[PDB]
Amino acid sequence: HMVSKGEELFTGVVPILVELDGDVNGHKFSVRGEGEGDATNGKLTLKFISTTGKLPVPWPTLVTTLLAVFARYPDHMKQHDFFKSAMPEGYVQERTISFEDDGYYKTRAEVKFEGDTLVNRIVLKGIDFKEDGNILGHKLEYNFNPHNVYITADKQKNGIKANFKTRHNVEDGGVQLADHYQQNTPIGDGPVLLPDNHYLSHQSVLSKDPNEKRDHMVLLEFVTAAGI
């Protein structure tokens, strides 16, 4: 049984469009992504390209900013899937991301259907980055650790919130942490599911298109919900 009407929009393969306009330490960049999401299997695959030349930041720092609707919620947890319940009208996803001993991103995204396409349209601003740090200096490995993100209800805002740390492998040993502070709120007025506390388990793969000459990232994400 479908617990929310929005759940029905994800039974098949859903086309995805991602658009990001960024500005980090004054360096402007634009990223466009296309792919598809398969919530039955908790999976999404996208190819992202820079339309503005070589990116001023590493692709791994953009992974979390560049689609929680595609997580697989097990049958006993369908009542906790806020993300699909907010569809098709969608939700706003806002974050602050603080990089350990470095600058920070502020992001605001709208995730919603435009026609039959799930669109993620993002503005990102980055401030206070070190010229020779791991971000502006491109010192992060091209991979992504698995992370469990604790999701809680934000009842006053009729949405969800999360705070979590990602760990980014630094070239030649060590890890750099990124503290994420996240709030999601529905765009429409229709009723949404507010979840009990639970976790989303993420696993990600970063790859390249051998025929793409522009700066780019191919991303696979596999995400499942688990109760406590």
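The first residue of the sequence shown is numbered 1, and numbering continues consecutively from there.
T64 has its side chain within reach of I97: a pair of non-hydrogen atoms, C-beta onward, lies under 4.5 Å apart. Using a 4.5 Å heavy-atom cutoff, the side chains of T51 and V31 are not in contact. Looking at heavy atoms from C-beta onward, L220 lies out of side-chain contact with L46 at the 4.5 angstrom threshold. You'll find the side chain of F129 stays beyond 4.5 Å of the side chain of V57, heavy atoms only.
Salt bridge absent: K43 and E36 never bring a charged side-chain N and a carboxylate O closer than 4.0 Å. We find that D179 and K165 are joined by a salt bridge, their nearest charged nitrogen and carboxylate oxygen being less than 4.0 Å apart.
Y181 does not carry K106 over the face of its six-membered ring by the limits of under 6.0 Å from the centre and within 45° of the normal. Cation-pi geometry between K84 and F10 is met: the NZ or CZ atom falls under 6.0 Å from the ring centre, inside 45° of the normal.
Remark: aromatic rings of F83 and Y91 are close, center separation under 6.0 Å. Proximity of the aromatic rings of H202 and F222 is defined here by a centroid distance below 6.0 angstrom, and this criterion is not met.
Using modelled atom types, one side-chain atom of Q176 and one backbone atom of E100 make a donor-acceptor pair closer than 3.5 Å.
Applying side-chain hydrogen bond (donor to acceptor under 3.5 Å, both in side chains) to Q183 and the options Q93, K157, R95 leaves one that passes, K157.
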**Request:** Mind running side-chain hydrogen bond (donor to acceptor under 3.5 Å, both in side chains) on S98 and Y105 for me, showing each step along the way?
**Result:** CA-CA 7 Å; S98 176; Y105 294 165; over 6 Å; no
**Request:** Apply side-chain hydrogen bond (donor to acceptor under 3.5 Å, both in side chains) to the pair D21 and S30, showing each step before the final yes or no.
**Result:** CA-CA 5 Å; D21 286 334; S30 289; 2.8 Å; yes
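For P56, the side chain to side chain contact (heavy atoms under 4.5 Å, CB included) partners at least two apart in sequence or on another chain are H27, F29.
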